[PDB]
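Note: the block below is model12.cif and it holds mmCIF, N, CA and C atoms.
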data_entry
#
loop_
_atom_site.label_atom_id
_atom_site.label_comp_id
_atom_site.auth_asym_id
_atom_site.auth_seq_id
_atom_site.Cartn_x
_atom_site.Cartn_y
_atom_site.Cartn_z
N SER O 12 189.95 128.72 186.70
CA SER O 12 190.00 130.18 186.61
C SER O 12 190.75 130.77 187.81
N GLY O 13 191.99 130.34 187.99
CA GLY O 13 192.79 130.84 189.09
C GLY O 13 194.27 130.55 188.91
N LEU O 14 194.78 130.77 187.71
CA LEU O 14 196.18 130.53 187.41
C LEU O 14 196.61 131.28 186.15
N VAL O 15 197.32 132.39 186.34
CA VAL O 15 197.79 133.19 185.22
C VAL O 15 198.56 132.34 184.21
N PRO O 16 198.23 132.52 182.92
CA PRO O 16 198.87 131.77 181.83
C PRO O 16 200.32 132.19 181.62
N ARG O 17 201.21 131.68 182.48
CA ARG O 17 202.63 132.00 182.38
C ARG O 17 203.48 130.73 182.47
N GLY O 18 204.79 130.91 182.45
CA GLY O 18 205.69 129.77 182.53
C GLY O 18 206.45 129.72 183.84
N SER O 19 206.64 128.51 184.36
CA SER O 19 207.35 128.33 185.62
C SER O 19 206.57 128.94 186.78
N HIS O 20 206.68 128.32 187.95
CA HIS O 20 205.98 128.80 189.14
C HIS O 20 206.48 130.19 189.54
N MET O 21 205.71 131.21 189.19
CA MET O 21 206.07 132.59 189.51
C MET O 21 204.88 133.33 190.11
N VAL O 22 203.74 133.28 189.42
CA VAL O 22 202.54 133.95 189.89
C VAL O 22 201.29 133.13 189.58
N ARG O 23 200.23 133.37 190.33
CA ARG O 23 198.98 132.64 190.14
C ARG O 23 197.81 133.38 190.80
N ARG O 24 196.64 133.31 190.17
CA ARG O 24 195.45 133.97 190.70
C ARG O 24 194.96 133.28 191.96
N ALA O 25 195.60 133.58 193.09
CA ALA O 25 195.23 132.98 194.36
C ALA O 25 194.34 133.92 195.16
N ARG O 26 194.05 133.55 196.41
CA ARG O 26 193.21 134.36 197.28
C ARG O 26 194.00 135.51 197.88
N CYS O 27 193.30 136.40 198.58
CA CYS O 27 193.94 137.55 199.21
C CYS O 27 193.03 138.16 200.28
N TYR O 28 193.54 138.24 201.50
CA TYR O 28 192.77 138.79 202.61
C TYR O 28 193.60 139.81 203.39
N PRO O 29 192.92 140.80 203.98
CA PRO O 29 193.58 141.86 204.76
C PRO O 29 194.13 141.33 206.08
N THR O 30 195.46 141.32 206.20
CA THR O 30 196.11 140.84 207.41
C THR O 30 195.94 141.83 208.55
N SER O 31 196.62 142.97 208.45
CA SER O 31 196.54 144.00 209.49
C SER O 31 195.80 145.23 208.97
N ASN O 32 195.39 146.10 209.89
CA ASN O 32 194.67 147.31 209.53
C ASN O 32 195.42 148.09 208.45
N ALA O 33 196.71 148.31 208.67
CA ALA O 33 197.53 149.03 207.71
C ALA O 33 198.34 148.07 206.84
N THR O 34 199.11 147.21 207.49
CA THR O 34 199.94 146.24 206.79
C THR O 34 200.68 145.33 207.76
N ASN O 35 200.62 144.03 207.51
CA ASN O 35 201.29 143.05 208.37
C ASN O 35 202.75 143.42 208.57
N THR O 36 203.35 142.89 209.63
CA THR O 36 204.75 143.16 209.94
C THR O 36 205.55 141.87 210.06
N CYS O 37 206.82 141.93 209.67
CA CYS O 37 207.69 140.76 209.74
C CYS O 37 209.06 141.14 210.28
N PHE O 38 209.43 140.54 211.41
CA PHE O 38 210.72 140.81 212.03
C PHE O 38 210.90 142.31 212.27
N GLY O 39 209.87 142.94 212.82
CA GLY O 39 209.94 144.37 213.09
C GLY O 39 209.60 145.21 211.88
N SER O 40 210.32 144.97 210.78
CA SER O 40 210.10 145.72 209.55
C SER O 40 208.75 145.34 208.93
N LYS O 41 207.90 146.34 208.72
CA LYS O 41 206.59 146.12 208.13
C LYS O 41 206.71 145.71 206.66
N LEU O 42 205.82 144.84 206.22
CA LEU O 42 205.83 144.37 204.84
C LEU O 42 205.16 145.38 203.92
N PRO O 43 205.60 145.41 202.65
CA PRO O 43 205.05 146.32 201.64
C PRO O 43 203.62 145.97 201.25
N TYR O 44 203.14 144.83 201.74
CA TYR O 44 201.79 144.38 201.44
C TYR O 44 200.95 144.28 202.71
N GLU O 45 199.66 144.55 202.57
CA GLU O 45 198.74 144.49 203.71
C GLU O 45 197.77 143.32 203.57
N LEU O 46 197.97 142.52 202.53
CA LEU O 46 197.11 141.36 202.28
C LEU O 46 197.90 140.06 202.40
N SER O 47 197.19 138.94 202.36
CA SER O 47 197.82 137.63 202.47
C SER O 47 196.99 136.57 201.76
N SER O 48 197.67 135.56 201.22
CA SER O 48 197.00 134.48 200.50
C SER O 48 197.24 133.14 201.20
N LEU O 49 196.24 132.67 201.93
CA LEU O 49 196.34 131.40 202.64
C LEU O 49 196.57 130.25 201.67
N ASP O 50 196.21 130.46 200.41
CA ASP O 50 196.38 129.44 199.38
C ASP O 50 197.86 129.08 199.22
N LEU O 51 198.73 130.04 199.49
CA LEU O 51 200.17 129.82 199.38
C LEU O 51 200.61 128.65 200.25
N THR O 52 199.83 128.35 201.27
CA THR O 52 200.14 127.25 202.18
C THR O 52 199.08 126.16 202.11
N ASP O 53 199.25 125.12 202.92
CA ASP O 53 198.30 124.01 202.95
C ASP O 53 197.46 124.05 204.22
N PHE O 54 197.36 125.23 204.82
CA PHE O 54 196.59 125.40 206.04
C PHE O 54 195.11 125.65 205.73
N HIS O 55 194.34 126.01 206.75
CA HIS O 55 192.92 126.27 206.58
C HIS O 55 192.49 127.49 207.39
N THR O 56 193.47 128.29 207.81
CA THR O 56 193.19 129.48 208.60
C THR O 56 194.49 130.19 208.99
N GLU O 57 194.38 131.48 209.30
CA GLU O 57 195.54 132.27 209.70
C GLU O 57 196.21 131.66 210.93
N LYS O 58 195.40 131.30 211.92
CA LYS O 58 195.92 130.71 213.15
C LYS O 58 196.80 129.51 212.85
N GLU O 59 196.43 128.74 211.84
CA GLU O 59 197.19 127.56 211.45
C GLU O 59 198.57 127.95 210.94
N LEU O 60 198.63 129.02 210.15
CA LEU O 60 199.89 129.50 209.60
C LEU O 60 200.82 130.00 210.70
N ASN O 61 200.27 130.81 211.60
CA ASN O 61 201.05 131.35 212.71
C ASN O 61 201.37 130.27 213.73
N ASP O 62 200.55 129.23 213.76
CA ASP O 62 200.74 128.12 214.69
C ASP O 62 201.91 127.24 214.25
N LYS O 63 201.98 126.97 212.95
CA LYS O 63 203.04 126.14 212.40
C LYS O 63 204.41 126.75 212.68
N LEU O 64 204.46 128.07 212.76
CA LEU O 64 205.71 128.78 213.02
C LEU O 64 206.41 128.20 214.25
N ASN O 65 205.62 127.83 215.25
CA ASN O 65 206.17 127.27 216.48
C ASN O 65 207.07 126.07 216.17
N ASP O 66 206.66 125.27 215.19
CA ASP O 66 207.43 124.09 214.80
C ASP O 66 208.82 124.49 214.32
N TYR O 67 208.87 125.42 213.37
CA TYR O 67 210.14 125.88 212.81
C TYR O 67 210.94 126.65 213.86
N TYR O 68 210.23 127.31 214.77
CA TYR O 68 210.87 128.08 215.83
C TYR O 68 211.95 127.26 216.53
N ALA O 69 211.66 125.98 216.74
CA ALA O 69 212.61 125.09 217.40
C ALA O 69 213.96 125.11 216.70
N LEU O 70 213.95 125.37 215.40
CA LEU O 70 215.17 125.42 214.61
C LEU O 70 216.09 126.53 215.11
N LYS O 71 215.54 127.44 215.90
CA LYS O 71 216.31 128.55 216.45
C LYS O 71 217.63 128.07 217.03
N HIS O 72 217.63 126.85 217.56
CA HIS O 72 218.83 126.27 218.14
C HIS O 72 220.01 126.38 217.17
N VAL O 73 219.73 126.17 215.89
CA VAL O 73 220.77 126.24 214.87
C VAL O 73 220.79 127.61 214.20
N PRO O 74 221.85 128.38 214.47
CA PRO O 74 222.02 129.73 213.90
C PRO O 74 222.30 129.69 212.41
N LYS O 75 222.95 128.63 211.95
CA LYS O 75 223.28 128.47 210.54
C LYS O 75 222.02 128.50 209.68
N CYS O 76 221.04 127.67 210.04
CA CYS O 76 219.79 127.61 209.30
C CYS O 76 218.83 128.71 209.76
N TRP O 77 218.91 129.06 211.03
CA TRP O 77 218.05 130.10 211.59
C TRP O 77 218.16 131.39 210.79
N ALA O 78 219.38 131.92 210.68
CA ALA O 78 219.62 133.15 209.93
C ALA O 78 219.38 132.94 208.44
N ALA O 79 219.24 131.68 208.04
CA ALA O 79 219.01 131.35 206.64
C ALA O 79 217.57 131.64 206.24
N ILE O 80 216.65 131.48 207.19
CA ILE O 80 215.24 131.73 206.94
C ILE O 80 214.82 133.10 207.45
N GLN O 81 215.80 133.93 207.79
CA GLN O 81 215.54 135.27 208.30
C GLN O 81 214.73 136.08 207.29
N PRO O 82 215.31 136.29 206.10
CA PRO O 82 214.66 137.05 205.02
C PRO O 82 213.47 136.31 204.43
N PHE O 83 213.55 134.98 204.42
CA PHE O 83 212.47 134.16 203.88
C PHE O 83 211.32 134.04 204.87
N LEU O 84 211.59 134.37 206.13
CA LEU O 84 210.58 134.30 207.18
C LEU O 84 209.34 135.11 206.79
N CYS O 85 209.52 136.05 205.87
CA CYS O 85 208.42 136.89 205.42
C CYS O 85 207.84 136.36 204.11
N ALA O 86 208.71 135.88 203.23
CA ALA O 86 208.29 135.34 201.94
C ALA O 86 207.88 133.88 202.07
N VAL O 87 207.87 133.37 203.30
CA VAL O 87 207.50 131.99 203.55
C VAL O 87 206.12 131.90 204.20
N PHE O 88 205.81 132.88 205.05
CA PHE O 88 204.53 132.91 205.74
C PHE O 88 203.67 134.08 205.25
N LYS O 89 204.33 135.20 204.97
CA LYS O 89 203.63 136.39 204.48
C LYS O 89 204.01 136.69 203.04
N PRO O 90 203.41 135.94 202.10
CA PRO O 90 203.66 136.11 200.67
C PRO O 90 203.09 137.41 200.13
N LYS O 91 203.84 138.06 199.24
CA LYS O 91 203.41 139.32 198.65
C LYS O 91 202.25 139.10 197.69
N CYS O 92 201.03 139.12 198.22
CA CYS O 92 199.83 138.92 197.41
C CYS O 92 199.26 140.25 196.95
N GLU O 93 199.46 140.57 195.68
CA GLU O 93 198.97 141.82 195.11
C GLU O 93 197.99 141.55 193.98
N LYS O 94 197.33 142.61 193.51
CA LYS O 94 196.37 142.49 192.42
C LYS O 94 196.95 143.02 191.11
N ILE O 95 197.27 142.11 190.20
CA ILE O 95 197.84 142.49 188.91
C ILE O 95 196.74 142.69 187.87
N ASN O 96 196.57 143.94 187.44
CA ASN O 96 195.56 144.26 186.44
C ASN O 96 194.16 143.98 186.98
N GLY O 97 194.03 143.93 188.30
CA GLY O 97 192.75 143.67 188.92
C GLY O 97 192.54 142.21 189.24
N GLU O 98 193.64 141.46 189.29
CA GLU O 98 193.58 140.03 189.59
C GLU O 98 194.43 139.69 190.80
N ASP O 99 193.78 139.25 191.88
CA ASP O 99 194.49 138.89 193.10
C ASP O 99 195.43 137.72 192.86
N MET O 100 196.73 138.01 192.79
CA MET O 100 197.73 136.98 192.56
C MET O 100 198.73 136.93 193.71
N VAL O 101 199.52 135.86 193.76
CA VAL O 101 200.52 135.70 194.81
C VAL O 101 201.93 135.69 194.23
N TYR O 102 202.90 136.11 195.04
CA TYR O 102 204.29 136.15 194.60
C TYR O 102 205.12 135.07 195.30
N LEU O 103 205.35 133.97 194.61
CA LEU O 103 206.12 132.86 195.16
C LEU O 103 207.56 133.29 195.42
N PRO O 104 208.22 132.59 196.36
CA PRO O 104 209.61 132.88 196.73
C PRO O 104 210.59 132.50 195.62
N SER O 105 211.59 133.36 195.41
CA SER O 105 212.59 133.12 194.38
C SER O 105 213.57 132.03 194.81
N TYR O 106 214.14 131.33 193.83
CA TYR O 106 215.09 130.26 194.11
C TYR O 106 216.18 130.74 195.06
N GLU O 107 216.53 132.01 194.96
CA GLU O 107 217.56 132.59 195.80
C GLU O 107 217.12 132.62 197.26
N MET O 108 215.99 133.28 197.52
CA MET O 108 215.45 133.38 198.87
C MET O 108 215.34 132.00 199.51
N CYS O 109 214.90 131.02 198.73
CA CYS O 109 214.75 129.66 199.23
C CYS O 109 216.10 128.95 199.31
N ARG O 110 217.05 129.42 198.50
CA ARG O 110 218.39 128.83 198.48
C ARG O 110 219.16 129.21 199.74
N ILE O 111 218.81 130.34 200.33
CA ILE O 111 219.47 130.81 201.54
C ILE O 111 219.52 129.72 202.60
N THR O 112 218.48 128.90 202.65
CA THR O 112 218.41 127.81 203.62
C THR O 112 219.16 126.58 203.12
N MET O 113 219.31 126.48 201.81
CA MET O 113 220.02 125.35 201.20
C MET O 113 221.51 125.40 201.54
N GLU O 114 222.05 126.61 201.64
CA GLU O 114 223.46 126.79 201.95
C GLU O 114 223.83 126.05 203.23
N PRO O 115 223.21 126.45 204.35
CA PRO O 115 223.46 125.83 205.66
C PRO O 115 222.92 124.41 205.74
N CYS O 116 221.66 124.23 205.34
CA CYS O 116 221.03 122.92 205.37
C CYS O 116 220.85 122.37 203.95
N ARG O 117 221.91 121.77 203.42
CA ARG O 117 221.88 121.21 202.08
C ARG O 117 221.25 119.82 202.09
N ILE O 118 221.31 119.16 203.25
CA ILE O 118 220.74 117.82 203.39
C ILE O 118 219.29 117.79 202.94
N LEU O 119 218.64 118.95 202.96
CA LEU O 119 217.24 119.05 202.55
C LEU O 119 217.13 119.46 201.08
N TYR O 120 218.11 119.04 200.29
CA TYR O 120 218.13 119.36 198.86
C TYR O 120 216.76 119.13 198.24
N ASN O 121 216.09 118.07 198.68
CA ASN O 121 214.77 117.73 198.16
C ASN O 121 214.25 116.43 198.77
N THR O 122 214.26 116.37 200.10
CA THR O 122 213.79 115.19 200.82
C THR O 122 212.75 115.56 201.87
N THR O 123 211.95 114.58 202.27
CA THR O 123 210.92 114.80 203.27
C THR O 123 211.46 114.60 204.68
N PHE O 124 212.59 115.25 204.97
CA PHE O 124 213.21 115.14 206.29
C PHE O 124 212.64 116.17 207.25
N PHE O 125 212.27 117.33 206.71
CA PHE O 125 211.71 118.40 207.53
C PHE O 125 210.83 119.33 206.68
N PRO O 126 209.70 118.80 206.20
CA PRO O 126 208.76 119.56 205.37
C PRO O 126 208.04 120.64 206.16
N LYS O 127 207.54 120.28 207.34
CA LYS O 127 206.83 121.23 208.20
C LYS O 127 207.65 122.50 208.40
N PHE O 128 208.96 122.34 208.52
CA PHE O 128 209.85 123.48 208.72
C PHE O 128 210.24 124.10 207.38
N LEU O 129 210.52 123.25 206.40
CA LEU O 129 210.90 123.72 205.07
C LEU O 129 209.76 124.49 204.41
N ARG O 130 208.72 123.76 204.02
CA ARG O 130 207.56 124.37 203.38
C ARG O 130 207.98 125.25 202.21
N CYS O 131 209.10 124.89 201.58
CA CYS O 131 209.62 125.64 200.45
C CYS O 131 209.87 124.73 199.25
N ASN O 132 209.51 125.20 198.06
CA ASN O 132 209.70 124.42 196.84
C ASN O 132 211.15 124.52 196.36
N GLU O 133 211.74 123.37 196.06
CA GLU O 133 213.12 123.32 195.58
C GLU O 133 213.23 122.50 194.30
N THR O 134 212.47 121.41 194.24
CA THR O 134 212.48 120.53 193.08
C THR O 134 212.18 121.31 191.80
N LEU O 135 211.46 122.42 191.95
CA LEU O 135 211.11 123.26 190.81
C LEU O 135 211.95 124.54 190.79
N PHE O 136 211.91 125.24 189.67
CA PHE O 136 212.67 126.48 189.52
C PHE O 136 211.73 127.66 189.25
N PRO O 137 211.33 128.36 190.32
CA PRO O 137 210.43 129.51 190.23
C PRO O 137 211.10 130.71 189.58
N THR O 138 212.28 131.08 190.08
CA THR O 138 213.02 132.21 189.55
C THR O 138 212.11 133.42 189.34
N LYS O 139 211.97 134.23 190.38
CA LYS O 139 211.13 135.42 190.31
C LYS O 139 211.48 136.26 189.09
#

Could you express the structure from this file as structure tokens?
Amino acid sequence: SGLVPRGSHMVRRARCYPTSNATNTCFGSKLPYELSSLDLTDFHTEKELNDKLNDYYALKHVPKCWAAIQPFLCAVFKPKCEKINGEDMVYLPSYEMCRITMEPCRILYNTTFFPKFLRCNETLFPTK
């Protein structure tokens, strides 16, 4: 009882918790959502999600991939978790948003070379 009857990875009845008093912020610009779904990740707490960021942060060295996860930096850690018809669901990242990183770093087409940093689905086609 936690998965909307739809096709392709797009939405699912996941969890949802209040991030900030008004609404979490990403790269200065505040997000349109004030909730978050830890289920979107494989962590066990908010601290874990924000902690993992440090790992990917190292990628800063590479501007090609760095700017690639700029827009996804929000759809990767702060997923748009809203309530559809009264059901707390999550909004997975679109193939495009995730493709932004594929452009610069194609070597990660679908290999376990940098999962901790990737943490993005590619083998499947979500297509928002």

Output the residue selection produced by the PyMOL selection byres ((chain O and resi 20) around 7) on the file above, formatted as an NGL selection string.
-> :O and (17-19 or 21-22 or 103 or 136-139)

Starting from the shown file, work through the PyMOL selection byres (((chain O and resi 102 and name CA) around 10) and name CA) and note down what comes out as a list in words.
->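 Given this file, the PyMOL selection byres (((chain O and resi 102 and name CA) around 10) and name CA) evaluates to residues 20, 21, 22, 23, 24, 25, 48, 51, 86, 89, 90, 91, 92, 93, 100, 101, 103, 104, 105 and 139 of chain O.
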
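Distance-wise, CA of residue 73 in chain O and atom C of residue 123 in chain O end up 18.1 Å apart.
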
State, in Å with one decimal place, the distance from CA of residue 98 in chain O to atom N of residue 28 in chain O.
-> 12.0 Å

Tell me, as a list in words, which residues lie within 9 Å of residue 70 in chain O, counting only C-alpha atoms; anything in the same chain fewer than 6 positions away does not count.
->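 My reading of the contact set: residues 76, 77 and 128 of chain O.
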
Output as a PyMOL selection string all residues of range 37-123 of chain O that backbone DSSP marks as helix (DSSP H, G or I).
-> chain O and resi 49-51+57-72+74-77+83-88+106-113+117-119

For atom N of residue 125 in chain O and CA of residue 67 in chain O, quote the distance in Å rounded to one decimal.
->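 According to the coordinates, atom N of residue 125 in chain O and CA of residue 67 in chain O are separated by 10.7 Å.
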
Between O:66, O:107, O:133, O:50, which one has atoms that come closest to residue 82 in chain O, using only C-alpha atoms?
-> O:107

Spatial neighbours of residue 116 in chain O, 9 Å, only C-alpha atoms, chain gap at least 5 places, as a PyMOL selection string = chain O and resi 75-76+79+111

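The nearest approach to residue 121 in chain O among the residues O:26, O:68, O:134, O:62, with all atoms listed in the file taken into account, belongs to O:134.
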
Complete range 26-45 of chain O at the level of N, CA, C and O atoms, written as an mmCIF file, keeping the file's coordinate frame.
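selection_24.cif was written with the following content:
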data_model
loop_
_atom_site.group_PDB
_atom_site.id
_atom_site.type_symbol
_atom_site.label_atom_id
_atom_site.label_comp_id
_atom_site.auth_asym_id
_atom_site.auth_seq_id
_atom_site.Cartn_x
_atom_site.Cartn_y
_atom_site.Cartn_z
ATOM 1 N N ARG O 26 194.050 133.550 196.410
ATOM 2 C CA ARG O 26 193.210 134.360 197.280
ATOM 3 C C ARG O 26 194.000 135.510 197.880
ATOM 4 O O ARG O 26 195.217 135.603 197.712
ATOM 5 N N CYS O 27 193.300 136.400 198.580
ATOM 6 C CA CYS O 27 193.940 137.550 199.210
ATOM 7 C C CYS O 27 193.030 138.160 200.280
ATOM 8 O O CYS O 27 191.894 138.544 199.997
ATOM 9 N N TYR O 28 193.540 138.240 201.500
ATOM 10 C CA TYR O 28 192.770 138.790 202.610
ATOM 11 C C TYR O 28 193.600 139.810 203.390
ATOM 12 O O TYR O 28 194.827 139.708 203.480
ATOM 13 N N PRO O 29 192.920 140.800 203.980
ATOM 14 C CA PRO O 29 193.580 141.860 204.760
ATOM 15 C C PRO O 29 194.130 141.330 206.080
ATOM 16 O O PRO O 29 193.379 140.947 206.976
ATOM 17 N N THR O 30 195.460 141.320 206.200
ATOM 18 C CA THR O 30 196.110 140.840 207.410
ATOM 19 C C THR O 30 195.940 141.830 208.550
ATOM 20 O O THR O 30 195.208 141.567 209.509
ATOM 21 N N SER O 31 196.620 142.970 208.450
ATOM 22 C CA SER O 31 196.540 144.000 209.490
ATOM 23 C C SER O 31 195.800 145.230 208.970
ATOM 24 O O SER O 31 195.594 145.388 207.768
ATOM 25 N N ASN O 32 195.390 146.100 209.890
ATOM 26 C CA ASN O 32 194.670 147.310 209.530
ATOM 27 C C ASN O 32 195.420 148.090 208.450
ATOM 28 O O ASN O 32 194.832 148.469 207.435
ATOM 29 N N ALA O 33 196.710 148.310 208.670
ATOM 30 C CA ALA O 33 197.530 149.030 207.710
ATOM 31 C C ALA O 33 198.340 148.070 206.840
ATOM 32 O O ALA O 33 198.265 148.113 205.617
ATOM 33 N N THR O 34 199.110 147.210 207.490
ATOM 34 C CA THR O 34 199.940 146.240 206.790
ATOM 35 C C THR O 34 200.680 145.330 207.760
ATOM 36 O O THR O 34 201.296 145.804 208.714
ATOM 37 N N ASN O 35 200.620 144.030 207.510
ATOM 38 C CA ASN O 35 201.290 143.050 208.370
ATOM 39 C C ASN O 35 202.750 143.420 208.570
ATOM 40 O O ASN O 35 203.331 144.170 207.780
ATOM 41 N N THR O 36 203.350 142.890 209.630
ATOM 42 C CA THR O 36 204.750 143.160 209.940
ATOM 43 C C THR O 36 205.550 141.870 210.060
ATOM 44 O O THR O 36 205.025 140.846 210.499
ATOM 45 N N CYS O 37 206.820 141.930 209.670
ATOM 46 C CA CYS O 37 207.690 140.760 209.740
ATOM 47 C C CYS O 37 209.060 141.140 210.280
ATOM 48 O O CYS O 37 209.772 141.954 209.695
ATOM 49 N N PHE O 38 209.430 140.540 211.410
ATOM 50 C CA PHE O 38 210.720 140.810 212.030
ATOM 51 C C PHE O 38 210.900 142.310 212.270
ATOM 52 O O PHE O 38 211.952 142.875 211.966
ATOM 53 N N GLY O 39 209.870 142.940 212.820
ATOM 54 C CA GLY O 39 209.940 144.370 213.090
ATOM 55 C C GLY O 39 209.600 145.210 211.880
ATOM 56 O O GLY O 39 208.705 146.048 211.924
ATOM 57 N N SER O 40 210.320 144.970 210.780
ATOM 58 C CA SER O 40 210.100 145.720 209.550
ATOM 59 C C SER O 40 208.750 145.340 208.930
ATOM 60 O O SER O 40 208.496 144.173 208.636
ATOM 61 N N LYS O 41 207.900 146.340 208.720
ATOM 62 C CA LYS O 41 206.590 146.120 208.130
ATOM 63 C C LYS O 41 206.710 145.710 206.660
ATOM 64 O O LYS O 41 207.598 146.187 205.951
ATOM 65 N N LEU O 42 205.820 144.840 206.220
ATOM 66 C CA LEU O 42 205.830 144.370 204.840
ATOM 67 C C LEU O 42 205.160 145.380 203.920
ATOM 68 O O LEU O 42 204.272 146.133 204.319
ATOM 69 N N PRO O 43 205.600 145.410 202.650
ATOM 70 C CA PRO O 43 205.050 146.320 201.640
ATOM 71 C C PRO O 43 203.620 145.970 201.250
ATOM 72 O O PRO O 43 202.973 146.707 200.509
ATOM 73 N N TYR O 44 203.140 144.830 201.740
ATOM 74 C CA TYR O 44 201.790 144.380 201.440
ATOM 75 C C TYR O 44 200.950 144.280 202.710
ATOM 76 O O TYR O 44 201.466 143.974 203.781
ATOM 77 N N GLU O 45 199.660 144.550 202.570
ATOM 78 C CA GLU O 45 198.740 144.490 203.710
ATOM 79 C C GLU O 45 197.770 143.320 203.570
ATOM 80 O O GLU O 45 196.867 143.147 204.385
#
